[PDB]
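At the far end of the sequence shown sits residue 63, using the entry's author numbering, and the numbering has no gaps. For each residue, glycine too, the CB sits at the ideal point set by N, CA and C.
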Amino acid sequence: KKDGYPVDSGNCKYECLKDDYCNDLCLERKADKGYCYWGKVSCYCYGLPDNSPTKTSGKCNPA
(Lines of atoms letter the chains of each structure in order from A and count residues from 1; the text may use other names and numbers.)
(Lines give C-alpha, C1' and ligand atoms only; values in the text may rest on other atoms or scores of the structure.)
Protein backbone atom coordinates (compact mmCIF):
# COMPACT_ATOMS: atom_id res chain seq x y z
CA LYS A 1 0.00 0.00 0.00
CA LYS A 2 1.16 3.62 -0.36
CA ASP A 3 -0.03 7.26 -0.47
CA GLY A 4 0.06 9.49 -3.59
CA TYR A 5 -2.07 11.07 -6.35
CA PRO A 6 -4.37 8.42 -7.86
CA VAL A 7 -4.25 9.13 -11.62
CA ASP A 8 -6.76 7.41 -13.93
CA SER A 9 -5.54 5.21 -16.81
CA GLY A 10 -4.23 8.23 -18.76
CA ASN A 11 -2.61 9.75 -15.65
CA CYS A 12 -5.60 11.92 -14.77
CA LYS A 13 -5.04 12.93 -11.13
CA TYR A 14 -8.56 12.88 -9.63
CA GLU A 15 -8.79 16.62 -8.97
CA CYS A 16 -11.06 17.93 -6.20
CA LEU A 17 -12.93 20.99 -4.91
CA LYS A 18 -13.21 20.03 -1.20
CA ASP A 19 -11.19 17.82 1.19
CA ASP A 20 -14.28 15.61 1.63
CA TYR A 21 -14.41 14.80 -2.10
CA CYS A 22 -10.78 13.62 -1.92
CA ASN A 23 -11.38 11.51 1.19
CA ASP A 24 -14.36 9.74 -0.34
CA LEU A 25 -12.96 9.29 -3.85
CA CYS A 26 -9.83 8.25 -1.92
CA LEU A 27 -11.60 5.42 -0.07
CA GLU A 28 -12.99 4.14 -3.38
CA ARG A 29 -9.50 3.88 -4.89
CA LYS A 30 -8.77 1.60 -1.86
CA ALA A 31 -7.16 4.21 0.40
CA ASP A 32 -7.73 4.24 4.16
CA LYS A 33 -7.89 8.05 4.22
CA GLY A 34 -7.03 10.97 1.91
CA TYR A 35 -7.49 14.77 1.79
CA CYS A 36 -7.41 17.34 -1.00
CA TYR A 37 -4.06 18.96 -1.76
CA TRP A 38 -5.03 22.16 -3.64
CA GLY A 39 -1.88 24.23 -4.47
CA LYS A 40 -2.66 23.60 -8.16
CA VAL A 41 -2.40 19.85 -7.50
CA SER A 42 -5.13 17.20 -6.93
CA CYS A 43 -6.56 14.69 -4.46
CA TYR A 44 -4.18 12.87 -2.11
CA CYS A 45 -4.97 9.40 -0.71
CA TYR A 46 -3.25 7.14 1.83
CA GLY A 47 -3.55 3.35 1.40
CA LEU A 48 -3.81 3.17 -2.40
CA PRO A 49 -2.90 -0.13 -4.06
CA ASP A 50 0.83 -0.82 -4.27
CA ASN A 51 1.01 -0.63 -8.06
CA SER A 52 -1.89 1.87 -8.08
CA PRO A 53 -1.41 4.10 -11.14
CA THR A 54 -0.35 7.51 -9.79
CA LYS A 55 1.16 10.69 -11.29
CA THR A 56 4.28 9.61 -13.23
CA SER A 57 5.06 11.79 -16.23
CA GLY A 58 1.88 12.82 -18.08
CA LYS A 59 -0.82 15.51 -18.03
CA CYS A 60 -4.06 13.50 -18.41
CA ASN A 61 -4.80 13.14 -22.14
CA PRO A 62 -7.67 11.15 -23.69
CA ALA A 63 -6.00 8.36 -25.69
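Tell me the residue span of the alpha helix (DSSP H) that contains residue i.
| i | result |
| --- | --- |
| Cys22 | 19 to 29 |
Starting from residue i and walking both ways along the beta strand (DSSP E), at which residues does that stretch end?
| i | result |
| --- | --- |
| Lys33 | 33 to 37 |
| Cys43 | 42 to 48 |
| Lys1 | Note, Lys1: premise wrong, no beta strand (DSSP E); not H, not E. |
Which value, in whole angstroms, describes the spacing of the CA atoms of residue i and residue j?
| i | j | result |
| --- | --- | --- |
| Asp24 | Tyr46 | 12 Å |
| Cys26 | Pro62 | 22 Å |
| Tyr14 | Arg29 | 10 Å |
Using the three-state DSSP reduction, which class does residue i fall into: helix, strand or coil?
| i | result |
| --- | --- |
| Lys55 | coil |
Measuring CB to CB, does residue i end up less than 9 Å from residue j?
| i | j | result |
| --- | --- | --- |
| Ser42 | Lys33 | no |
| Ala31 | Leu17 | no |
| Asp8 | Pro53 | yes |
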